[PDB]
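Notes follow once the structure below has been shown.
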Amino acid sequence: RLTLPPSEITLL
Amino acid sequence: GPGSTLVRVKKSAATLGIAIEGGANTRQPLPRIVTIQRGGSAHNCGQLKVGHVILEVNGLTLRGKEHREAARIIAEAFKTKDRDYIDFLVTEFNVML
């Protein structure tokens, strides 16, 4: 449970 | 900025117990946590997760640091006797540039 989901936000 | 969290990790174990990937001039320009090992300081803290991208270590930016330099900064931050924690500024966002 120490895992993030795929993020739906990206920094460019 | 939006999406960042400052996480203070107590040096509760003999290692940080994370693997990181990335750094300047790679497809992952800021280091990403790829594993959190049971028994390490990071696992004990509960606030760091696989997929976190590390933006700053003790207030020092990792932008522009090559992978080996970023890793060395983190290692030196763990080893130091000046304090009993490491501050990580992390984001859950992907960082692609």
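If you're wondering about the labels, chains in the structure tokens are A, B, ... by order shown, residues count from 1 in each chain, ligands from 1 in order shown.
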Contact residues around residue 9 of chain A with only C-alpha atoms at 12 Å, ignoring same-chain residues under 4 positions, as a compact mmCIF listing (two decimals) with N, CA, C and O atoms, in the first residue's frame:
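Result written to out-v1.txt:
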# COMPACT_ATOMS: atom_id res chain seq x y z
N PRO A 5 -0.84 5.37 -7.64
CA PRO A 5 -1.44 5.03 -8.93
C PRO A 5 -0.66 5.70 -10.05
O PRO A 5 0.12 6.62 -9.78
N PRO B 2 1.69 23.62 -6.71
CA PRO B 2 0.70 22.57 -6.55
C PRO B 2 1.28 21.21 -6.79
O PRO B 2 2.03 21.04 -7.70
N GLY B 3 0.90 20.27 -5.95
CA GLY B 3 1.26 18.91 -6.15
C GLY B 3 2.47 18.44 -5.37
O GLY B 3 2.80 17.31 -5.46
N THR B 91 6.67 14.86 -5.28
CA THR B 91 5.39 15.13 -5.99
C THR B 91 4.82 13.78 -6.46
O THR B 91 5.57 12.82 -6.70
N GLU B 92 3.50 13.71 -6.57
CA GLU B 92 2.87 12.52 -7.09
C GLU B 92 2.69 12.65 -8.59
O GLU B 92 2.31 11.69 -9.25
N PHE B 93 2.94 13.84 -9.12
CA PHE B 93 2.83 14.07 -10.57
C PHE B 93 3.97 13.35 -11.30
O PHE B 93 5.03 13.10 -10.73
N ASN B 94 3.74 13.04 -12.57
CA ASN B 94 4.85 12.62 -13.41
C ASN B 94 5.68 13.83 -13.72
O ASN B 94 5.16 14.96 -13.82
N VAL B 95 6.98 13.64 -13.87
CA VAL B 95 7.81 14.76 -14.26
C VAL B 95 8.50 14.31 -15.54
O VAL B 95 9.24 13.32 -15.53
N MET B 96 8.25 15.01 -16.63
CA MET B 96 8.81 14.57 -17.92
C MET B 96 9.81 15.52 -18.54
O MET B 96 10.45 15.18 -19.54
Quiz item: Which residues of chain A are close to chain B, meaning at most 7 Å apart when you count only C-alpha atoms, and how do they look as a list in words?
Solution: residues 2, 3, 4, 7, 9, 10, 11 and 12 of chain A
Those same residues, written as a PDB file, in the first residue's frame with N, CA, C and O atoms?
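The resulting file, selection19.pdb, is reproduced below:
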ATOM      1  N   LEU A   2       2.170   1.091  -0.184  1.00  0.00           N
ATOM      2  CA  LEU A   2       3.072   2.231  -0.346  1.00  0.00           C
ATOM      3  C   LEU A   2       3.386   2.447  -1.827  1.00  0.00           C
ATOM      4  O   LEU A   2       4.554   2.591  -2.215  1.00  0.00           O
ATOM      5  N   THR A   3       2.337   2.431  -2.649  1.00  0.00           N
ATOM      6  CA  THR A   3       2.485   2.576  -4.092  1.00  0.00           C
ATOM      7  C   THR A   3       1.496   3.614  -4.619  1.00  0.00           C
ATOM      8  O   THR A   3       0.316   3.553  -4.292  1.00  0.00           O
ATOM      9  N   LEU A   4       1.961   4.560  -5.434  1.00  0.00           N
ATOM     10  CA  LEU A   4       1.035   5.515  -6.076  1.00  0.00           C
ATOM     11  C   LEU A   4       0.373   4.916  -7.314  1.00  0.00           C
ATOM     12  O   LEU A   4       0.972   4.104  -8.019  1.00  0.00           O
ATOM     13  N   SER A   7      -0.014   8.504 -12.516  1.00  0.00           N
ATOM     14  CA  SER A   7      -0.514   9.860 -12.287  1.00  0.00           C
ATOM     15  C   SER A   7      -1.258  10.360 -13.510  1.00  0.00           C
ATOM     16  O   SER A   7      -0.953   9.963 -14.636  1.00  0.00           O
ATOM     17  N   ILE A   9      -1.529  13.606 -13.911  1.00  0.00           N
ATOM     18  CA  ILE A   9      -0.987  14.959 -14.067  1.00  0.00           C
ATOM     19  C   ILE A   9       0.493  14.882 -14.328  1.00  0.00           C
ATOM     20  O   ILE A   9       1.197  14.139 -13.639  1.00  0.00           O
ATOM     21  N   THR A  10       0.965  15.653 -15.304  1.00  0.00           N
ATOM     22  CA  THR A  10       2.395  15.618 -15.665  1.00  0.00           C
ATOM     23  C   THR A  10       2.994  17.015 -15.715  1.00  0.00           C
ATOM     24  O   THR A  10       2.371  17.948 -16.233  1.00  0.00           O
ATOM     25  N   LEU A  11       4.185  17.168 -15.133  1.00  0.00           N
ATOM     26  CA  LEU A  11       4.963  18.426 -15.163  1.00  0.00           C
ATOM     27  C   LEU A  11       5.874  18.407 -16.395  1.00  0.00           C
ATOM     28  O   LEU A  11       6.598  17.460 -16.574  1.00  0.00           O
ATOM     29  N   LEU A  12       5.764  19.441 -17.219  1.00  0.00           N
ATOM     30  CA  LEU A  12       6.573  19.595 -18.444  1.00  0.00           C
ATOM     31  C   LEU A  12       7.379  20.903 -18.359  1.00  0.00           C
ATOM     32  O   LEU A  12       7.255  21.667 -17.452  1.00  0.00           O
TER      33      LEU A  12
END
Quiz item: Of the candidates B:60, B:54, B:44, B:67, which shows the shortest atom-to-atom distance to residue 25 of chain B, using only C-alpha atoms?
Solution: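 Among the listed residues, the smallest separation from residue 25 of chain B belongs to B:67.
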Exercise. Name all residues at most 9 Å from residue 74 of chain B (count only C-alpha atoms; drop same-chain ones fewer than 3 positions away) and give them as a ChimeraX atom specification.
Key: /B:57-58,69-71,77-79,86
Exercise. Determine which residues of chain B receive a DSSP assignment of strand (DSSP E), computed from the backbone, and state them as a PyMOL selection string.
Key: chain B and resi 4-10+18-21+32-36+53-57+60-61+85-91+94-95
Go ahead and save the picked residues with N, CA, C and O atoms, as a CSV table (one decimal), in the first residue's frame.
chain,number,residue,atom,x,y,z
B,4,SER,N,3.1,19.3,-4.6
B,4,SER,CA,4.3,18.9,-3.9
B,4,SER,C,4.0,18.8,-2.4
B,4,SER,O,3.2,19.5,-1.9
B,5,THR,N,4.7,17.9,-1.7
B,5,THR,CA,4.6,17.6,-0.3
B,5,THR,C,5.9,17.6,0.3
B,5,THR,O,6.8,16.9,-0.3
B,6,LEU,N,6.1,18.2,1.4
B,6,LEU,CA,7.4,18.0,2.1
B,6,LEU,C,7.3,16.9,3.1
B,6,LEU,O,6.4,16.9,4.0
B,7,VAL,N,8.1,15.9,3.0
B,7,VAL,CA,8.1,14.7,3.8
B,7,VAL,C,9.4,14.6,4.7
B,7,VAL,O,10.5,14.5,4.1
B,8,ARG,N,9.2,14.5,6.0
B,8,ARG,CA,10.4,14.4,6.8
B,8,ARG,C,10.5,12.9,7.3
B,8,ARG,O,9.6,12.4,8.0
B,9,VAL,N,11.6,12.3,6.8
B,9,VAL,CA,11.8,10.9,7.1
B,9,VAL,C,12.8,10.7,8.2
B,9,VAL,O,13.9,11.1,8.1
B,10,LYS,N,12.3,10.1,9.3
B,10,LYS,CA,13.2,9.8,10.4
B,10,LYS,C,14.2,8.7,10.0
B,10,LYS,O,13.9,7.7,9.3
B,18,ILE,N,15.3,2.7,-0.1
B,18,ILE,CA,14.7,2.9,-1.4
B,18,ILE,C,15.6,2.7,-2.5
B,18,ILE,O,16.9,2.8,-2.3
B,19,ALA,N,15.1,2.5,-3.7
B,19,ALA,CA,15.8,2.5,-5.0
B,19,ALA,C,15.3,3.7,-5.7
B,19,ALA,O,14.0,3.9,-5.8
B,20,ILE,N,16.1,4.5,-6.3
B,20,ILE,CA,15.7,5.6,-7.2
B,20,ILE,C,16.3,5.5,-8.6
B,20,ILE,O,17.4,5.0,-8.8
B,21,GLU,N,15.5,6.0,-9.6
B,21,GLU,CA,15.9,6.0,-11.0
B,21,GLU,C,15.8,7.4,-11.5
B,21,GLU,O,14.8,8.1,-11.2
B,32,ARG,N,12.9,9.2,-9.5
B,32,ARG,CA,11.7,8.6,-9.1
B,32,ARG,C,11.9,7.5,-8.1
B,32,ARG,O,12.9,6.8,-8.3
B,33,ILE,N,11.1,7.3,-7.1
B,33,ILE,CA,11.3,6.2,-6.2
B,33,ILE,C,10.7,4.9,-6.9
B,33,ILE,O,9.6,4.9,-7.3
B,34,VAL,N,11.6,3.9,-7.1
B,34,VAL,CA,11.1,2.7,-7.8
B,34,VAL,C,10.8,1.6,-6.9
B,34,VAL,O,10.0,0.7,-7.3
B,35,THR,N,11.4,1.5,-5.7
B,35,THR,CA,11.1,0.5,-4.7
B,35,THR,C,11.2,1.0,-3.3
B,35,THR,O,12.0,2.0,-3.1
B,36,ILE,N,10.4,0.5,-2.4
B,36,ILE,CA,10.5,0.8,-0.9
B,36,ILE,C,10.7,-0.5,-0.2
B,36,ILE,O,9.7,-1.3,-0.2
B,53,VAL,N,8.2,11.4,-7.1
B,53,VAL,CA,9.3,12.0,-7.7
B,53,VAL,C,10.0,13.0,-6.7
B,53,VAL,O,9.3,13.8,-6.1
B,54,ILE,N,11.3,12.9,-6.5
B,54,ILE,CA,12.0,13.7,-5.5
B,54,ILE,C,12.5,15.0,-6.1
B,54,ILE,O,13.3,15.0,-7.0
B,55,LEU,N,11.9,16.1,-5.7
B,55,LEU,CA,12.2,17.4,-6.2
B,55,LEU,C,13.4,18.1,-5.5
B,55,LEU,O,14.3,18.8,-6.1
B,56,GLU,N,13.4,18.0,-4.1
B,56,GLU,CA,14.5,18.6,-3.3
B,56,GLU,C,14.8,17.7,-2.1
B,56,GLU,O,14.0,16.9,-1.7
B,57,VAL,N,16.1,17.8,-1.7
B,57,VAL,CA,16.6,17.0,-0.5
B,57,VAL,C,17.1,18.0,0.4
B,57,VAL,O,18.1,18.7,0.1
B,60,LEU,N,17.7,21.4,-1.0
B,60,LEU,CA,18.6,21.4,-2.2
B,60,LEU,C,17.9,20.8,-3.4
B,60,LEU,O,17.5,19.7,-3.4
B,61,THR,N,17.7,21.6,-4.5
B,61,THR,CA,17.1,21.1,-5.7
B,61,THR,C,17.9,20.0,-6.3
B,61,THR,O,19.1,20.0,-6.4
B,85,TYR,N,17.0,13.1,10.6
B,85,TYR,CA,15.9,12.9,9.5
B,85,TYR,C,16.5,13.4,8.2
B,85,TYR,O,17.6,14.0,8.2
B,86,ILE,N,15.8,13.1,7.1
B,86,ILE,CA,16.0,13.8,5.8
B,86,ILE,C,14.7,14.3,5.4
B,86,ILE,O,13.7,13.7,5.4
B,87,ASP,N,14.7,15.6,4.9
B,87,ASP,CA,13.5,16.2,4.3
B,87,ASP,C,13.5,16.0,2.8
B,87,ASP,O,14.4,16.4,2.1
B,88,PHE,N,12.4,15.4,2.3
B,88,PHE,CA,12.3,15.2,0.8
B,88,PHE,C,11.1,16.0,0.4
B,88,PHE,O,10.0,15.9,0.9
B,89,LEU,N,11.3,16.9,-0.6
B,89,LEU,CA,10.1,17.5,-1.3
B,89,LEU,C,9.8,16.6,-2.4
B,89,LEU,O,10.6,16.3,-3.3
B,90,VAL,N,8.6,16.0,-2.4
B,90,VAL,CA,8.2,15.1,-3.4
B,90,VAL,C,6.9,15.5,-4.1
B,90,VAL,O,6.2,16.3,-3.6
B,91,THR,N,6.7,14.9,-5.3
B,91,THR,CA,5.4,15.1,-6.0
B,91,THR,C,4.8,13.8,-6.5
B,91,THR,O,5.6,12.8,-6.7
B,94,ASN,N,3.7,13.0,-12.6
B,94,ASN,CA,4.8,12.6,-13.4
B,94,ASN,C,5.7,13.8,-13.7
B,94,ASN,O,5.2,15.0,-13.8
B,95,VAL,N,7.0,13.6,-13.9
B,95,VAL,CA,7.8,14.8,-14.3
B,95,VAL,C,8.5,14.3,-15.5
B,95,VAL,O,9.2,13.3,-15.5
Practice problem: Quick one: pull the distance between atom CA of residue 73 of chain B and atom CA of residue 30 of chain B, Å, one decimal. | Solution: 13.1 Å
